[PDB]
Structures are given as C-alpha cells and as structure tokens.
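Protein chains: 6
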Amino acid sequence: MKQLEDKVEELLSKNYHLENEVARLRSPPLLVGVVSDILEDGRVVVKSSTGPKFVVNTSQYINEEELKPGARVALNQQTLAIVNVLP
Amino acid sequence: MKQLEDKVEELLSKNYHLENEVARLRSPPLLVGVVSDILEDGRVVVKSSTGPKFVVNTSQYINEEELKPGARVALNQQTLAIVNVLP
Amino acid sequence: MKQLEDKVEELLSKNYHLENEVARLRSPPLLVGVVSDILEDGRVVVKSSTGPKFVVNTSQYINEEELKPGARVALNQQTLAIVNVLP
Amino acid sequence: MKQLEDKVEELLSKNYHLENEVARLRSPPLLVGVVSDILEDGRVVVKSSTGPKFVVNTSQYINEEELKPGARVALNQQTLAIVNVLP
Amino acid sequence: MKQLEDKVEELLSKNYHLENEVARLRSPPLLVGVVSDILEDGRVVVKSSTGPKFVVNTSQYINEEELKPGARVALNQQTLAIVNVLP
Amino acid sequence: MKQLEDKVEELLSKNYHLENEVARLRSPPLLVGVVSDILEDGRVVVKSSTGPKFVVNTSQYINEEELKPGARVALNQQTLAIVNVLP
Numbered sequence: 027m028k029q030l031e032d033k034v035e036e037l038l039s040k041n042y043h044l045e046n047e048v049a050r051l052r053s054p055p056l057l058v059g060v061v062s063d064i065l066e067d068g069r070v071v072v073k074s075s076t077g078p079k080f081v082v083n084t085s086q087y088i089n090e091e092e093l094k095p096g097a098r099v100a101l102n103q104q105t106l107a108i109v110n111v112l113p
Numbered sequence: 027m028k029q030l031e032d033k034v035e036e037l038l039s040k041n042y043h044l045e046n047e048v049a050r051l052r053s054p055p056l057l058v059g060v061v062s063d064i065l066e067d068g069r070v071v072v073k074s075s076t077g078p079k080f081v082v083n084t085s086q087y088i089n090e091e092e093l094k095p096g097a098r099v100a101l102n103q104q105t106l107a108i109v110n111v112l113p
Numbered sequence: 027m028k029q030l031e032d033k034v035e036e037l038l039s040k041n042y043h044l045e046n047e048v049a050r051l052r053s054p055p056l057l058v059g060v061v062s063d064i065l066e067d068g069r070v071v072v073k074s075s076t077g078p079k080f081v082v083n084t085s086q087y088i089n090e091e092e093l094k095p096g097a098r099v100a101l102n103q104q105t106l107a108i109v110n111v112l113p
Numbered sequence: 027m028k029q030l031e032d033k034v035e036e037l038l039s040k041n042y043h044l045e046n047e048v049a050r051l052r053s054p055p056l057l058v059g060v061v062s063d064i065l066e067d068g069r070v071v072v073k074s075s076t077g078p079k080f081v082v083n084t085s086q087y088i089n090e091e092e093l094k095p096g097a098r099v100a101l102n103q104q105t106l107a108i109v110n111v112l113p
Numbered sequence: 027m028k029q030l031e032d033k034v035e036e037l038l039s040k041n042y043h044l045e046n047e048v049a050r051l052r053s054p055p056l057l058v059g060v061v062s063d064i065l066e067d068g069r070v071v072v073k074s075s076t077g078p079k080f081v082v083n084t085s086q087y088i089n090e091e092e093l094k095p096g097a098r099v100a101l102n103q104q105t106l107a108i109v110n111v112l113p
Numbered sequence: 027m028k029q030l031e032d033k034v035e036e037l038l039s040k041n042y043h044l045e046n047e048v049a050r051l052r053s054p055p056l057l058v059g060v061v062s063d064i065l066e067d068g069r070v071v072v073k074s075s076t077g078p079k080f081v082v083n084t085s086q087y088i089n090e091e092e093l094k095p096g097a098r099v100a101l102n103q104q105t106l107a108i109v110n111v112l113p
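Chains as they are written, first to last, in the working numbering: chain D, 27 to 113; chain E, 27 to 113; chain A, 27 to 113; chain U, 27 to 113; chain R, 27 to 113; chain C, 27 to 113.
Take a look at the structure:
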C-alpha cells in the first residue's frame with residue numbers, strides 16, 4: 027500500500043528527469059557568427075560561421091551598444107536574427 | 027489501491043515511452059565536435075566537425091568535470107546538443 | 027456608388043495582402059552578394075556569399091544608378107532576387 | 027462619387043505594381059556555370075559555379091555554335107539544362 | 027488466343043511504363059564522377075565531383091571494358107549509380 | 027498463335043531486364059569513410075568522405091578485427107552505420 031505510493035513517487039521523479047532530458051536534447055541550437063557591419067536602418071550584416079554573410083534582424087532585448095564589428099553573436103537557426111551577443 | 031495499481035501502470039507506460047524517445051535522441055549517428063567555450067548560463071559553444079559553431083544544450087548526464095574547452099563531443103545531428111564527452 | 031464603395035474595400039483588402047506578401051519577400055534574413063555584371067535584358071549576375079553565381083531578378087525599387095559591378099547586394103534567400111543595394 | 031472612382035484607379039495601379047514586385051521577387055534564379063566539353067550525343071558537360079560537374083541537356087533555342095568549352099552558361103536551377111549562353 | 031492477345035497488350039503496357047521509368051533514371055542532369063576502384067562483387071567506388079566517395083551500382087548496359095580506375099562517369103544524382111562511362 | 031506465344035516470351039524477357047535496370051539504378055549508395063578510432067563501447071568514430079566525423083554503429087556481420095584506424099569503410103547513407111570494410 028505504502029509500497030505502491032512510493033513507486034508512484036519514484037516513477038513521477040524518474041519521468042520528470044526523462045522529460046527534462048528530452049527537452050534538453052530537442053532544444054534548437056543557435057548559430058554563431060560575427061558582426062560585420064551595422065546598417066543605417068538597424069539591420070546588421072553578420073558573417074555566419076556557416077560561411078555566408080546575411081542581413082538579419084536583432085532581438086528587441088539586445089543592447090545595441092554591444093553590437094559592433096567583430097562582436098560574436100548567436101543567431102536563431104531559422105531566421106538568423108541575433109539572439110545573444112557572446113563574450 | 028486499485029487506483030494506485032492503475033497509476034503505477036500508467037506511469038510505467040509513460041516511463042517506457044520516454045526512455046525510448048531519449049534512446050533515439052542519444053543514438054548514433056552522432057556528429058563529432060570540440061568544445062570552444064562554456065557560457066555562464068551553462069550552454070556550450072561547440073565547433074562541429076561539419077564546420078560551423080553553435081551554442082548548444084547538453085545532456086544532464088554529462089560529467090561536468092570533463093566538459094571544458096578542447097574536449098571532444100558527440101552531438102545530436104539535428105539539435106547539436108551534447109550527448110556525450112568523448113575521449 | 028455602393029458598387030464603388032464595395033470595389034474600394036475589395037481593392038484595399040487585396041492591396042493589404044499584397045503588401046504583406048512583398049514585406050515577407052523583402053524581409054531579413056537576406057543573403058549578401060556582389061554584382062558581377064548586368065545583362066542587356068536587365069537581369070543581373072551576382073556572386074552569392076554562399077559561393078555560386080546566379081542570374082537573378084531585381085526589385086523594381088532599386089536605384090539603378092547604384093546597381094553596377096562590384097556593388098554589394100541583399101538577396102532573397104530563396105530566389106536570390108536583388109532586394110536592396112547595400113553600402 | 028468621382029472621388030471613389032479615382033480611388034479605384036489609384037488602387038488598381040498600386041495593386042498592379044505590387045503584383046509585379048511579387049512576380050519579380052519569386053522568379054527562380056538561373057545558375058551560372060562554364061561549359062567543360064560537348065558530348066557526341068549533344069549533351070554538354072558543365073562545371074557549375076556550385077562546384078560539381080554535370081551532364082545536362084540544352085534548350086532547343088540555343089545556337090549550338092555558341093556552345094564551346096569555356097563558354098559561360100545559365101542553367102535551370104532544378105534540371106540544370108542550359109537556358110542561356112552568357113557574354 | 028484472346029487470352030494471348032490480352033497478355034501481349036498487358037505486357038506491352040508494362041514494358042512501356044518500365045521504359046519511361048528507366049529513361050527518367052538515366053536522363054540528365056547526371057553528376058560527373060571518376061571511378062576509384064572496382065569491387066570483387068562488381069560494385070564500384072566512385073569519387074563524385076561533389077566531393078565524397080561512394081560505393082555504387084551500375085547500369086547493366088555499360089561496356090565493362092571501359093569501366094576501370096580513372097574512367098569518367100555519369101551518375102544518377104539521387105543514387106549515384108553509374109549510368110554511362112564518359113570519354 | 028505460336029507467334030503470340032513467342033511475343034509473350036520475348037516481352038517477359040524484356041520486361042525482366044528493364045525491372046533489373048530499375049532495381050540497379052534505384053539502389054542507394056554507400057558512403058565511403060575512414061575509421062578514426064574505436065570507442066570502449068564498440069562505437070566507432072569514422073571520418074566520412076563528406077568531411078565531418080561521426081560516431082556510428084557497426085553491422086553485426088562485421089569482423090571487428092578488421093575495424094582499426096585507417097580502415098576504409100562503407101556506410102549506410104542514412105544511419106551512417108558501417109556496412110562494409112573495404113580493401
């Protein structure tokens with residue numbers, strides 16, 4: 027009776043940890059690039075680590091002071107929008 | 027009590043499906059990469075042997091001690107999440 | 027007159043949808059390229075920063091004066107049409 | 027009354043120019059390559075600007091006198107058939 | 027006899043569809059490659075002009091005499107099967 | 027009458043040879059790589075001829091004695107599992 031209740035407890039714990047592993051292993055990556063130049067309209071030219079250069083948007087949460095040539099950036103993999111400025 | 031036995035069966039069915047999903051996410055073929063640096067929030071910058079650099083998530087079962095710059099890693103091919111540190 | 031008011035509403039709905047379609051076609055992320063040469067029929071040969079060269083179409087809103095060999099261009103990622111000349 | 031009629035006029039004009047921009051920005055590009063060699067059966071080996079070499083068909087409208095080694099060509103992006111010989 | 031005439035029509039319809047399927051499989055665009063070596067079981071290692079090396083199947087209509095290391099080949103783009111030896 | 031019967035015969039022959047050509051031209055290729063290193067758990071790190079390195083499984087029919095660094099391997103194109111060790 028309490029044996030069952032403990033099993034429910036450990037199973038709930040196990041299942042939570044597994045759900046967490048799934049969430050971690052399915053999260054999309056961000057792509058790394060380097061800022062090349064900033065355009066008069068607030069779009070940024072990034073050189074992606076994949077090779078090409080793109081004109082991309084920037085997250086609204088980004089301190090645009092940090093965006094300057096040579097700055098390392100992390101990009102949404104689909105839109106290539108700048109999500110993080112990296113150290 | 028019958029409620030409990032039923033809950034245990036439900037939870038084990040759920041556990042079983044989560045285990046299979048995790049196995050698939052962690053199964054070969056895995057892409058090889060090299061850790062570039064570790065971010066404050068615990069995401070990792072890896073250089074993939076495909077060429078580009080990514081900010082990625084990690085399995086919760088990695089030994090954090092071995093997760094350091096220059097470490098060789100096995101990455102989920104789709105998300106590039108770090109599944110294992112390699113020797 | 028009611029016929030007219032109805033036509034105006036129809037046309038504005040259509041205008042609205044066309045504007046959105048054009049905004050999507052012109053939105054970041056745009057690939058960067060360089061104009062290689064301009065063909066007699068007004069198509070352009072660009073070298074994409076992805077590597078290959080293409081004969082592409084252009085937006086009708088480009089200043090033809092700046093569209094010349096060596097100019098840097100923002101290309102629709104799918105068709106490589108020239109959306110903007112860049113500085 | 028004539029105000030409405032003028033609006034219909036300008037809207038029809040605006041909508042036409044938008045439709046044109048859509049058509050221009052959705053037209054597929056042609057891929058540039060260089061003729062490598064011509065085969066005894068009228069197929070051509072082209073070196074694409076994407077890297078590889080292919081055996082391709084040629085448009086029926088092409089003056090085959092113009093097809094010779096070193097000649098720059100424009101290819102249908104899907105079939106890689108030679109569509110234009112470029113200057 | 028009517029059974030026979032019917033069988034002939036059936037078989038010719040089937041022949042027609044197989045011929046079209048084979049024509050499609052052998053039609054341009056074909057990737058160019060170079061034979062690297064011939065395996066005991068008669069599969070061939072080719073180096074594709076795309077870069078990688080493959081173990082591939084071959085058309086039964088290839089002259090085996092010309093199928094040898096260094097020979098230039100036309101490959102199905104999807105399977106990289108050898109469709110023709112090229113001069 | 028025997029004319030028909032002979033036609034059925036030759037058509038059946040023709041159709042068989044066409045079916046064979048389809049089967050040969052549709053068979054997937056194997057990708058060539060080189061063994062890089064063998065892991066303590068029986069997974070192998072392969073350097074694919076496409077460029078990247080992967081951790082892959084190995085066919086159960088493979089003599090694991092033959093798997094050693096430098097060994098040339100043929101891989102299932104989708105799973106990248108080692109299917110053959112090549113001379």
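The beta-carbon is built from N, C-alpha and C at its ideal position, and this holds for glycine as well.
Check, Outcome
"Any contact of the region 61–78 of chain C with the region 69–77 of chain E, i.e. 3+ C-beta pairs under 8 Å?", "yes"
"Might you give, ordered along the chain, the residues of its own chain that have their beta carbon closer than 7 Å to the beta carbon of residue 62 of chain D, omitting 5 neighbours on each side?", "71, 72, 73, 79, 95"
"Would you say residue 109 of chain E and residue 56 of chain E are within 8 Å of each other, going by their C-beta atoms?", "yes"
"Residues of chain D with CB closer than 9 Å to the CB of residue 107 of chain E, please, in chain order.", "50, 51, 52, 53, 55"
"Would you identify the three-state DSSP class for residue 97 of chain D, choosing helix, strand or coil?", "coil"
"How long is the line joining the alpha carbons of residue 90 of chain E and residue 36 of chain D, rounded to whole angstroms?", "25 Å"
"Rounded to whole angstroms, what's the CA-CA distance from residue 58 of chain U to residue 102 of chain U? Just pull it up for me.", "9 Å"
"Is the beta carbon of residue 99 of chain A less than 8 Å from the beta carbon of residue 48 of chain A?", "no"
"So residue 50 of chain D packs on residue 85 of chain E, CB below 8 Å; how close in whole Å?", "7 Å"
"Can you have a look at residue 83 of chain A and say buried or exposed, based on whether 16 or more other CB atoms are within 10 angstroms of its CB?", "buried"
"Tell me which same chain residues have a C-beta within less than 6 Å of the C-beta of residue 107 of chain U, skipping the five on either side of it?", "82, 83"
"Looking at chain C, is there any beta carbon in it that lies within less than 8 Å of the beta carbon of residue 78 of chain R?", "yes"
"Alpha carbon to alpha carbon, how far is residue 43 of chain C from residue 105 of chain D? Give it in angstroms, no decimals.", "50 Å"
"Opposite residue 82 of chain D in the DSSP bridges: which residues?", "D:70"
"For chain R, is any of its Cβ atoms less than 8 Å away from the one on residue 100 of chain C?", "yes"
"Give the residues of chain U in contact with residue 58 of chain R, contact being defined as C-beta atoms less than 8 Å apart.", "71, 78, 79, 80, 81"
"Enumerate in chain order the residues of its own chain whose CB-to-CB distance from residue 52 of chain R is below 6 Å, with the five nearest sequence positions on each side excluded.", "109"
"By Cβ distance below 8 Å, which residues in the same chain neighbour residue 64 of chain E in space, the five residues on each side in sequence not counted?", "70, 71, 93, 94, 95"
"Using the C-alpha atoms, what's the distance from residue 54 of chain C back to residue 88 of chain C?", "20 Å"
"In angstroms, rounded to a whole number, what distance separates the CA positions of residue 45 of chain R and residue 66 of chain R?", "30 Å"
"Cβ of residue 47 of chain C less than 8 Å from any chain R Cβ?", "yes"
"With a Cβ-Cβ cutoff of 8 Å, do residue 40 of chain C and residue 34 of chain R count as a contact?", "no"
"Is it the case that the Cβ atoms of residue 30 of chain D and residue 31 of chain E are separated by a distance below 8 Å?", "yes"
"Return the bridge partner residues of residue 111 of chain A from the DSSP annotation.", "A:99"
"With respect to the beta strand (DSSP E) encompassing residue 39 of chain D, which residues constitute its N-terminal and C-terminal limits?", "It is not in any beta strand (DSSP E) - residue 39 of chain D instead sits in the alpha helix (DSSP H) that spans 28–52."
"What does the alpha-carbon distance come out to for the pair residue 28 of chain E and residue 27 of chain D?", "10 Å"
"List, in order along the chain, the chain C residues whose C-beta lies closer than 7 Å to that of residue 75 of chain E?", "78, 79"
"Ignore the nearest five residues each way along the sequence and tell me which others in residue 97 of chain A's own chain have a CB closer than 6 Å to its CB.", "61, 111"
"Please report the straight-line C-alpha distance between residue 113 of chain E and residue 113 of chain C, rounded to a whole angstrom.", "28 Å"
"Which residues in chain C sit within 8 Å of residue 85 of chain R, going by Cβ to Cβ distance?", "47, 50, 51"
"For chain D, is any of its Cβ atoms less than 8 Å away from the one on residue 94 of chain E?", "no"
"Just curious, the beta strand (DSSP E) that residue 75 of chain D is in, first and last residue?", "Segment: none, residue 75 of chain D is in no beta strand (DSSP E) and carries neither H nor E."
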